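Undergrad: Sharing protein35.txt here; it has compact mmCIF, C-alpha atoms.
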# COMPACT_ATOMS: atom_id res chain seq x y z
CA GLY A 1 0.00 0.00 0.00
CA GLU A 2 2.90 2.35 0.70
CA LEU A 3 4.29 2.32 -2.84
CA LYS A 4 0.87 3.15 -4.28
CA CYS A 5 0.66 6.16 -1.96
CA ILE A 6 4.15 7.26 -2.97
CA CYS A 7 3.19 7.06 -6.65
CA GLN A 8 -0.03 8.98 -6.04
CA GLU A 9 1.60 11.77 -4.04
CA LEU A 10 4.38 12.22 -6.59
CA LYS A 11 1.66 12.69 -9.21
CA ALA A 12 0.21 15.47 -7.06
CA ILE A 13 3.67 16.98 -6.59
CA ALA A 14 4.35 17.01 -10.33
CA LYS A 15 0.95 18.63 -10.85
CA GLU A 16 1.59 21.48 -8.40
CA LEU A 17 5.08 22.15 -9.74
CA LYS A 18 3.66 22.49 -13.25
CA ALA A 19 1.13 24.96 -11.85
CA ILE A 20 3.93 26.92 -10.18
CA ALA A 21 5.99 26.87 -13.38
CA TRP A 22 3.09 28.19 -15.47
CA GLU A 23 2.40 30.91 -12.90
CA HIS A 24 6.03 32.07 -13.00
CA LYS A 25 5.88 32.28 -16.80
CA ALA A 26 2.62 34.22 -16.60
CA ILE A 27 4.14 36.61 -14.06
CA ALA A 28 7.20 37.17 -16.26
CA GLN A 29 5.00 37.90 -19.28
CA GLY A 30 3.49 40.82 -17.39
CA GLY B 1 8.10 1.71 8.88
CA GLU B 2 10.28 3.65 6.45
CA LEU B 3 7.93 3.25 3.48
CA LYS B 4 5.02 4.49 5.58
CA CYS B 5 7.10 7.51 6.61
CA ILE B 6 8.00 8.22 2.99
CA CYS B 7 4.32 8.09 2.01
CA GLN B 8 3.34 10.43 4.85
CA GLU B 9 6.05 12.99 4.15
CA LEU B 10 5.24 13.06 0.44
CA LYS B 11 1.63 13.80 1.37
CA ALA B 12 2.83 16.79 3.37
CA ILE B 13 5.10 17.89 0.52
CA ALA B 14 2.23 17.78 -1.97
CA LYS B 15 0.10 19.80 0.45
CA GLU B 16 2.69 22.56 0.85
CA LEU B 17 3.31 22.80 -2.89
CA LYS B 18 -0.42 23.25 -3.49
CA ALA B 19 -0.40 26.09 -0.96
CA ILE B 20 2.55 27.69 -2.76
CA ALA B 21 0.82 27.23 -6.12
CA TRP B 22 -2.35 28.95 -4.96
CA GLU B 23 -0.29 31.85 -3.61
CA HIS B 24 1.29 32.37 -7.04
CA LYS B 25 -2.20 32.31 -8.56
CA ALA B 26 -2.73 35.45 -6.53
CA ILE B 27 -0.50 38.30 -7.76
CA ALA B 28 -1.10 36.88 -11.25
CA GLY C 1 20.14 2.23 6.35
CA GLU C 2 19.25 3.88 3.05
CA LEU C 3 15.48 3.85 3.59
CA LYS C 4 15.89 5.46 7.02
CA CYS C 5 17.91 8.26 5.43
CA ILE C 6 15.28 8.71 2.72
CA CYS C 7 12.55 8.99 5.36
CA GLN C 8 14.61 11.47 7.39
CA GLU C 9 15.46 13.71 4.43
CA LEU C 10 11.86 13.78 3.22
CA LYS C 11 10.90 15.00 6.69
CA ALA C 12 13.39 17.83 6.28
CA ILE C 13 12.05 18.58 2.80
CA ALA C 14 8.45 18.75 4.03
CA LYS C 15 9.62 21.07 6.81
CA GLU C 16 11.35 23.53 4.48
CA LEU C 17 8.45 23.59 2.03
CA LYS C 18 6.08 24.48 4.86
CA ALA C 19 8.46 27.29 5.80
CA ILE C 20 8.47 28.50 2.19
CA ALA C 21 4.68 28.29 2.01
CA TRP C 22 4.25 30.32 5.20
CA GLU C 23 6.73 32.93 3.95
CA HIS C 24 4.82 33.33 0.68
CA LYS C 25 1.58 33.86 2.60
CA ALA C 26 3.30 36.39 4.85
CA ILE C 27 4.68 38.23 1.82
CA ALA C 28 1.25 38.32 0.18
CA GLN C 29 -0.33 39.72 3.35
CA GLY C 30 1.97 42.73 3.09
CA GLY D 1 3.87 -0.66 -11.67
CA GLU D 2 4.46 1.68 -8.74
CA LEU D 3 8.22 2.00 -9.32
CA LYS D 4 7.61 2.86 -12.97
CA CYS D 5 5.11 5.52 -11.90
CA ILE D 6 7.59 6.96 -9.41
CA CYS D 7 10.25 7.17 -12.12
CA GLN D 8 7.86 8.87 -14.54
CA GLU D 9 6.60 11.43 -12.03
CA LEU D 10 10.13 12.33 -10.94
CA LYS D 11 10.96 12.96 -14.60
CA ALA D 12 8.07 15.42 -14.76
CA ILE D 13 9.15 17.03 -11.48
CA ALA D 14 12.69 17.54 -12.76
CA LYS D 15 11.28 19.07 -15.95
CA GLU D 16 9.11 21.59 -14.11
CA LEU D 17 11.93 22.60 -11.77
CA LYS D 18 14.17 23.29 -14.76
CA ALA D 19 11.44 25.53 -16.19
CA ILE D 20 11.20 27.37 -12.88
CA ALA D 21 14.99 27.71 -12.71
CA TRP D 22 15.22 29.24 -16.17
CA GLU D 23 12.47 31.71 -15.26
CA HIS D 24 14.49 32.90 -12.26
CA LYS D 25 17.51 33.29 -14.56
CA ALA D 26 15.41 35.93 -16.24
CA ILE D 27 14.78 38.91 -13.93
CA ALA D 28 18.33 38.28 -12.64
CA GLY E 1 23.84 1.57 -5.19
CA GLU E 2 20.59 3.21 -6.28
CA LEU E 3 19.17 3.52 -2.76
CA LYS E 4 22.39 5.17 -1.57
CA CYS E 5 22.17 7.61 -4.48
CA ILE E 6 18.55 8.40 -3.64
CA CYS E 7 19.51 9.10 -0.02
CA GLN E 8 22.39 11.36 -1.07
CA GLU E 9 20.36 13.36 -3.58
CA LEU E 10 17.52 13.89 -1.11
CA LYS E 11 20.09 15.26 1.35
CA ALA E 12 21.14 17.79 -1.28
CA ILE E 13 17.51 18.62 -2.06
CA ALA E 14 16.75 19.29 1.61
CA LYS E 15 19.84 21.50 1.80
CA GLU E 16 18.83 23.64 -1.18
CA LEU E 17 15.26 24.04 0.06
CA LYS E 18 16.56 25.28 3.42
CA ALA E 19 18.65 27.86 1.56
CA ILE E 20 15.59 28.96 -0.40
CA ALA E 21 13.53 29.13 2.79
CA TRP E 22 16.04 31.36 4.55
CA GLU E 23 16.11 33.66 1.52
CA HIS E 24 12.33 34.11 1.73
CA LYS E 25 12.72 34.89 5.45
CA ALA E 26 14.65 37.90 4.23
CA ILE E 27 12.39 40.33 2.33
CA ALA E 28 9.69 39.33 4.84
CA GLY F 1 15.71 -0.16 -14.28
CA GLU F 2 13.22 1.88 -12.28
CA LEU F 3 15.55 2.57 -9.34
CA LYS F 4 18.28 3.80 -11.69
CA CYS F 5 15.81 6.25 -13.23
CA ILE F 6 14.72 7.43 -9.79
CA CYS F 7 18.35 8.05 -8.82
CA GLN F 8 19.03 9.90 -12.07
CA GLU F 9 15.97 12.14 -11.84
CA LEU F 10 16.68 13.03 -8.22
CA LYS F 11 20.14 14.14 -9.35
CA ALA F 12 18.46 16.44 -11.87
CA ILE F 13 16.06 17.71 -9.21
CA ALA F 14 18.90 18.51 -6.79
CA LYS F 15 20.67 20.32 -9.63
CA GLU F 16 17.71 22.55 -10.49
CA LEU F 17 17.00 23.39 -6.85
CA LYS F 18 20.60 24.52 -6.41
CA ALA F 19 20.16 26.71 -9.48
CA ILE F 20 16.97 28.17 -8.01
CA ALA F 21 18.68 28.75 -4.66
CA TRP F 22 21.60 30.57 -6.27
CA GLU F 23 19.21 32.70 -8.33
CA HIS F 24 17.29 33.73 -5.21
CA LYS F 25 20.54 34.76 -3.51
CA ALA F 26 21.57 36.71 -6.60
CA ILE F 27 18.19 38.46 -6.70
CA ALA F 28 18.45 39.37 -3.01
CA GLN F 29 21.93 40.81 -3.51
CA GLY F 30 20.48 43.30 -5.98
When written as structure tokens, how does the structure in this file appear?

TA:
Amino acid sequence: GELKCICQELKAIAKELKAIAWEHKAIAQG
Amino acid sequence: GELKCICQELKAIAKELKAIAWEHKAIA
Amino acid sequence: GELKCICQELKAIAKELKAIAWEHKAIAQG
Amino acid sequence: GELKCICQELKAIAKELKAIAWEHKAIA
Amino acid sequence: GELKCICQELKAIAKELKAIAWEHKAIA
Amino acid sequence: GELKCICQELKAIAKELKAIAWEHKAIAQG
């Protein structure tokens, strides 16, 4: 069960980092 | 119990990153 | 020994990200 | 398939962090 | 030696995040 | 093969976070 959780949470982490990346780009573009 | 710990900490990490993401949403 | 280290370092990582999150909120609040 | 998933997601994470890093390069 | 590598890299990651955190402390 | 990938990607992640850290410091220094 632990490995499934780890997979799931890393998916969430990748998701949020993409959001942060897109927000940085948006901020830089004015 | 290491794998359980790893799962738990990653949950926390995901939570904090969401908080950071929603902050960036603000201020464009 | 490796898995213990991994657990320990992820604890540290979660800690620092919470710090960063709180600092962002503080910055946004003026 | 959990280990494969973990590998794949870490790839994505590395990719996004590089994007963030290059943004910071801009604006000094 | 993969698990050792993972441990080592996570140590580095924690270190860099602490640096980033203390930067944010500055500038409020 | 999966563990090798995980090791490799974490190396990349550590690398980018160091870059981000250095950029923050540079920004703070004016």

Undergrad: Interatomic distance between CA of residue 18 in chain A and CA of residue 25 in chain B?

TA: 12.4 Å

Undergrad: What's the 6 Å shell around residue 11 in chain D, counting only C-alpha atoms, without same-chain residues fewer than 3 positions away, as an NGL selection string?

TA: (:D and (8 or 14)) or (:F and (9))

Undergrad: Got a sec: who's within 10 Å of range 16-21 of chain B, counting only C-alpha atoms, leaving out chain neighbours fewer than 3 positions off, as an MDAnalysis selection string?

TA: (chainID A and resid 12:24) or (chainID B and resid 10:13 24:26) or (chainID C and resid 14:25)

Undergrad: Could you work out how far CA of residue 10 in chain C lies from CA of residue 7 in chain D, giving the answer in Å with one decimal?

TA: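 These atoms are spaced 16.8 Å apart.
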
Undergrad: Mind pulling up the distance from CA of residue 3 in chain A to CA of residue 11 in chain F?

TA: 20.8 Å

Undergrad: Give me the residues near residue 1 in chain B as number ranges by chain, where near means some atom within 10 Å (using all atoms listed in the file) and where sequence neighbours in that chain fewer than 6 positions away do not count.

TA: A: 2; C: 3-4, 7

Undergrad: Output range 2-29 of chain C with N, CA and C atoms present, as a PDB file, in the frame of the given file.

TA:
ATOM      1  N   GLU C   2      19.622   2.927   4.091  1.00  0.00           N
ATOM      2  CA  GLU C   2      19.250   3.880   3.050  1.00  0.00           C
ATOM      3  C   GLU C   2      17.819   4.381   3.197  1.00  0.00           C
ATOM      4  N   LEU C   3      16.888   3.469   3.457  1.00  0.00           N
ATOM      5  CA  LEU C   3      15.480   3.850   3.590  1.00  0.00           C
ATOM      6  C   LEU C   3      15.247   4.779   4.779  1.00  0.00           C
ATOM      7  N   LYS C   4      15.980   4.566   5.867  1.00  0.00           N
ATOM      8  CA  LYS C   4      15.890   5.460   7.020  1.00  0.00           C
ATOM      9  C   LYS C   4      16.314   6.872   6.631  1.00  0.00           C
ATOM     10  N   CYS C   5      17.430   6.975   5.916  1.00  0.00           N
ATOM     11  CA  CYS C   5      17.910   8.260   5.430  1.00  0.00           C
ATOM     12  C   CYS C   5      16.856   8.944   4.563  1.00  0.00           C
ATOM     13  N   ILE C   6      16.291   8.187   3.631  1.00  0.00           N
ATOM     14  CA  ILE C   6      15.280   8.710   2.720  1.00  0.00           C
ATOM     15  C   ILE C   6      14.082   9.267   3.478  1.00  0.00           C
ATOM     16  N   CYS C   7      13.631   8.530   4.488  1.00  0.00           N
ATOM     17  CA  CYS C   7      12.550   8.990   5.360  1.00  0.00           C
ATOM     18  C   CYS C   7      12.937  10.294   6.053  1.00  0.00           C
ATOM     19  N   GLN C   8      14.130  10.314   6.639  1.00  0.00           N
ATOM     20  CA  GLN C   8      14.610  11.470   7.390  1.00  0.00           C
ATOM     21  C   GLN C   8      14.711  12.723   6.520  1.00  0.00           C
ATOM     22  N   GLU C   9      15.263  12.573   5.322  1.00  0.00           N
ATOM     23  CA  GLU C   9      15.460  13.710   4.430  1.00  0.00           C
ATOM     24  C   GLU C   9      14.135  14.249   3.893  1.00  0.00           C
ATOM     25  N   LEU C  10      13.174  13.358   3.676  1.00  0.00           N
ATOM     26  CA  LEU C  10      11.860  13.780   3.220  1.00  0.00           C
ATOM     27  C   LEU C  10      11.142  14.573   4.312  1.00  0.00           C
ATOM     28  N   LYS C  11      11.411  14.225   5.568  1.00  0.00           N
ATOM     29  CA  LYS C  11      10.900  15.000   6.690  1.00  0.00           C
ATOM     30  C   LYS C  11      11.443  16.419   6.644  1.00  0.00           C
ATOM     31  N   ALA C  12      12.742  16.534   6.390  1.00  0.00           N
ATOM     32  CA  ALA C  12      13.390  17.830   6.280  1.00  0.00           C
ATOM     33  C   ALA C  12      12.815  18.628   5.114  1.00  0.00           C
ATOM     34  N   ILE C  13      12.593  17.945   3.996  1.00  0.00           N
ATOM     35  CA  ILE C  13      12.050  18.580   2.800  1.00  0.00           C
ATOM     36  C   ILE C  13      10.644  19.118   3.040  1.00  0.00           C
ATOM     37  N   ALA C  14       9.804  18.318   3.689  1.00  0.00           N
ATOM     38  CA  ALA C  14       8.450  18.750   4.030  1.00  0.00           C
ATOM     39  C   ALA C  14       8.505  19.980   4.936  1.00  0.00           C
ATOM     40  N   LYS C  15       9.445  19.968   5.876  1.00  0.00           N
ATOM     41  CA  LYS C  15       9.620  21.070   6.810  1.00  0.00           C
ATOM     42  C   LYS C  15       9.949  22.377   6.102  1.00  0.00           C
ATOM     43  N   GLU C  16      10.907  22.326   5.183  1.00  0.00           N
ATOM     44  CA  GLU C  16      11.350  23.530   4.480  1.00  0.00           C
ATOM     45  C   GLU C  16      10.282  24.069   3.539  1.00  0.00           C
ATOM     46  N   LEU C  17       9.527  23.170   2.919  1.00  0.00           N
ATOM     47  CA  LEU C  17       8.450  23.590   2.030  1.00  0.00           C
ATOM     48  C   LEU C  17       7.322  24.269   2.795  1.00  0.00           C
ATOM     49  N   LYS C  18       7.064  23.815   4.017  1.00  0.00           N
ATOM     50  CA  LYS C  18       6.080  24.480   4.860  1.00  0.00           C
ATOM     51  C   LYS C  18       6.564  25.882   5.209  1.00  0.00           C
ATOM     52  N   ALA C  19       7.853  25.997   5.509  1.00  0.00           N
ATOM     53  CA  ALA C  19       8.460  27.290   5.800  1.00  0.00           C
ATOM     54  C   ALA C  19       8.294  28.230   4.603  1.00  0.00           C
ATOM     55  N   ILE C  20       8.599  27.721   3.415  1.00  0.00           N
ATOM     56  CA  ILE C  20       8.470  28.500   2.190  1.00  0.00           C
ATOM     57  C   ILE C  20       7.024  28.923   1.951  1.00  0.00           C
ATOM     58  N   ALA C  21       6.097  28.000   2.178  1.00  0.00           N
ATOM     59  CA  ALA C  21       4.680  28.290   2.010  1.00  0.00           C
ATOM     60  C   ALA C  21       4.228  29.412   2.944  1.00  0.00           C
ATOM     61  N   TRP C  22       4.624  29.323   4.209  1.00  0.00           N
ATOM     62  CA  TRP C  22       4.250  30.320   5.200  1.00  0.00           C
ATOM     63  C   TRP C  22       4.848  31.685   4.859  1.00  0.00           C
ATOM     64  N   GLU C  23       6.068  31.683   4.331  1.00  0.00           N
ATOM     65  CA  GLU C  23       6.730  32.930   3.950  1.00  0.00           C
ATOM     66  C   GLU C  23       6.044  33.599   2.760  1.00  0.00           C
ATOM     67  N   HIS C  24       5.586  32.799   1.804  1.00  0.00           N
ATOM     68  CA  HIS C  24       4.820  33.330   0.680  1.00  0.00           C
ATOM     69  C   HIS C  24       3.545  34.005   1.179  1.00  0.00           C
ATOM     70  N   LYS C  25       2.817  33.320   2.053  1.00  0.00           N
ATOM     71  CA  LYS C  25       1.580  33.860   2.600  1.00  0.00           C
ATOM     72  C   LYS C  25       1.852  35.180   3.324  1.00  0.00           C
ATOM     73  N   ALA C  26       2.932  35.205   4.096  1.00  0.00           N
ATOM     74  CA  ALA C  26       3.300  36.390   4.850  1.00  0.00           C
ATOM     75  C   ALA C  26       3.620  37.545   3.908  1.00  0.00           C
ATOM     76  N   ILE C  27       4.328  37.233   2.826  1.00  0.00           N
ATOM     77  CA  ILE C  27       4.680  38.230   1.820  1.00  0.00           C
ATOM     78  C   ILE C  27       3.438  38.798   1.146  1.00  0.00           C
ATOM     79  N   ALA C  28       2.486  37.922   0.843  1.00  0.00           N
ATOM     80  CA  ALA C  28       1.250  38.320   0.180  1.00  0.00           C
ATOM     81  C   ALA C  28       0.377  39.194   1.079  1.00  0.00           C
ATOM     82  N   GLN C  29       0.492  38.989   2.387  1.00  0.00           N
ATOM     83  CA  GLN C  29      -0.330  39.720   3.350  1.00  0.00           C
ATOM     84  C   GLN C  29       0.279  41.078   3.674  1.00  0.00           C
TER      85      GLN C  29
END
